[PDB]
Amino acid sequence: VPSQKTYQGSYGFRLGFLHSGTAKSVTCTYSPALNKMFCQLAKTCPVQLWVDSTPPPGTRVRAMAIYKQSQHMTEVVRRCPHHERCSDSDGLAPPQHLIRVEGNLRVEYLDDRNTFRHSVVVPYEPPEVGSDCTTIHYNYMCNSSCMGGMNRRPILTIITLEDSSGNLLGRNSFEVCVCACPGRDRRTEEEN
Ligand SMILES: [Zn+2]
């Protein structure tokens with residue numbers, strides 16, 4: 001099981017999210033109280049990277065999903081049969097991978113040779129104009145409810161900052177629910 005231990009590191013690495021609210025039309029919304037993102041399948045999911053100092057050239061940013069519950073933590077998070085056989089390929093992402101990155105031609109996908117885990121990595125770039133952070137647009141390609149997949153089992157997304165040689169620079173994580181109505185689901189899970 002990959003580490004989900006938070007680690008800000010030398011560069012003061014922390015995660016952020018748009019303050020999107022919970023309207024019916026929201027694609028992606030983050031709950032600070034739950035540390036949990038609610039998002040629609042295949043829709044854009046802004047995840048912000050915040051640093052106290054800019055990492056060196058050649059830095060990469062990796063994302064991986066693992067199951068939250070200890071009794072599923074060794075099971076590899078992957079797309080359901082129905083979705084992995086869907087005709088939604090972009091030509092880059094393997095069909096079995098839950099998490100894609102949209103709008104980045106330098107995206108890299110990895111099936112771990114030993115753990116069999118899936119992950120997706122992009123070059124870290126410095127903050128764009130108008131932002132104090134760097135935004136990556138993720139897409140989750142399976143619903144949490146999906147049969148033969150997650151089957152309503154909650155997952156975390158682990159975001160690691162690593163240098164060009166593989167060394168760990170930083171790590172954070174947030175819970176995800178991929179669902180039809182993110183705004184409503186967020187309100188409900190906070191209502192408890
Ligand atoms: Zn699915």
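Chemist: Is there a simple way to explain the UniProt feature "binding site: Zn(2+)" in the protein chain in this structure?
Modeler: The UniProt entry lists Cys 80, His 83, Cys 142 and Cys 146 under the feature "binding site: Zn(2+)", expressed in the numbering used here. A maximum C-alpha distance of 8.8 Å among these annotated residues, which run over 67 residues, shows that they cluster at one spot. As for its position among the elements, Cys 80 is in the loop between strand 5 (60-67) and helix 1 (81-84). Residues contacting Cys 80, with those up to four places away along its chain left out, are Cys 142, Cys 146, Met 147, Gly 148 and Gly 149. Within the secondary structure, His 83 is located in helix 1. Those residues in contact with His 83, other than ones at most four positions away along the chain, are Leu 41, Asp 88, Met 141, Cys 142 and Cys 146.

Chemist: What is the right way to read the pairing of strand 8 (residues 118-123) from this model?
Modeler: Each regular strand carries side chains that alternate between the two faces of the sheet. In terms of burial, strand 8 is largely enclosed, as six of its six residues are buried. Judged by which residues are buried, strand 8 turns out to be covered on both faces: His 118, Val 120 and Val 122 on one side and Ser 119, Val 121 and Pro 123 on the other are all buried. Of the strand pairs in this sheet, strand 5 and strand 8 are connected by four bridges, and their pairing is antiparallel. Across the sheet, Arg 62 pairs through a bridge with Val 121, a residue of strand 8. Linkage of strand 7 (residues 108-111) to strand 8, two consecutive antiparallel strands, is achieved through a turn of six residues, within which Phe 116 is found at a positive phi near 70 degrees.

Chemist: Sorry if this is basic, but what is going on with the side chain of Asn 104 here?
Modeler: Note that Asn 104 resides in the loop between strand 6 (99-101) and strand 7. On the basis of relative accessible area, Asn 104 is assigned to the buried category, the value being 18%. Of note is the side chain of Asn 104, whose polar atom sits 2.9 Å from the backbone nitrogen of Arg 106. Setting aside its immediate chain neighbours within four residues, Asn 104 contacts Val 122, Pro 123 and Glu 125.

Chemist: Looking at this structure, how should I read the coordination of the zinc ion?
Modeler: Reference values for angles at a metal are 109.5 degrees in the four-donor tetrahedral case and 90 or 180 degrees in the six-donor octahedral case. Every protein donor of the zinc ion is listed here as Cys 80 (SG), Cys 142 (SG) and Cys 146 (SG), and their distances to the metal cover 2.4 to 2.6 Å. Counting residues between consecutive donors of the zinc ion along the chain gives the motif C-x61-C-x3-C. Of this pair, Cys 80 sits in the loop between strand 5 and helix 1 while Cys 146 sits in the loop between strand 9 (134-140) and strand 10 (155-162); the two residues are 66 residues apart in sequence, bridging distant segments of the chain. We note that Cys 80, like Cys 146, is buried.

Chemist: Can you walk me through the pairing of strand 5 in this structure?
Modeler: Most of strand 5 sits inside the fold, with seven of its eight residues counted as buried. Two elements, strand 5 and strand 10, share eight bridges in a ladder whose sense is antiparallel. Opposite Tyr 67, over in strand 10, you have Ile 155 as the bridge partner.

Chemist: Help me understand the sheet that holds strand 6, please; the structure alone is not making it clear to me.
Modeler: Whenever strands of a sheet pair, they do so through backbone hydrogen bonds, lying parallel or antiparallel. Taken in spatial order, the four strands of this open sheet run 1-4-9-6, and their pairing is antiparallel. Only two strands of the sheet have a single neighbouring strand rather than two, namely strand 1 (14-16) and strand 6. Strand after strand, the sheet turns through a mean of 40 degrees between neighbouring axes, direction not considered.

About the cut-offs
- Residues numbered from 1 in each chain as written, not as in the entry; some residues may be left out.
- Heavy atoms only, no water.
- Residues with missing side-chain atoms left out of burial classes, pairs and counts.
- UniProt positions renumbered as here; feature names shortened; annotations may be inferred.
- Helix = DSSP H or I, 4+ residues; strand = E, 2+ residues; numbered from the N terminus.
- Contact = heavy atoms within 4.5 Å.
- Buried < 20%, exposed > 50% of the residue type's maximum accessible area, 1.4 Å probe, protein only.
- Pairing = 2+ DSSP bridges.
- Polar contact = N/O pair within 3.5 Å; in protein donor to acceptor, adjacent residues only side chain to side chain.
- Donors = N, O, S within 2.8 Å, 3.2 Å for Na, K, Ca; no water.
- Axes fitted to C-alpha atoms, helices over the stretch in contact; angles between N-to-C directions.

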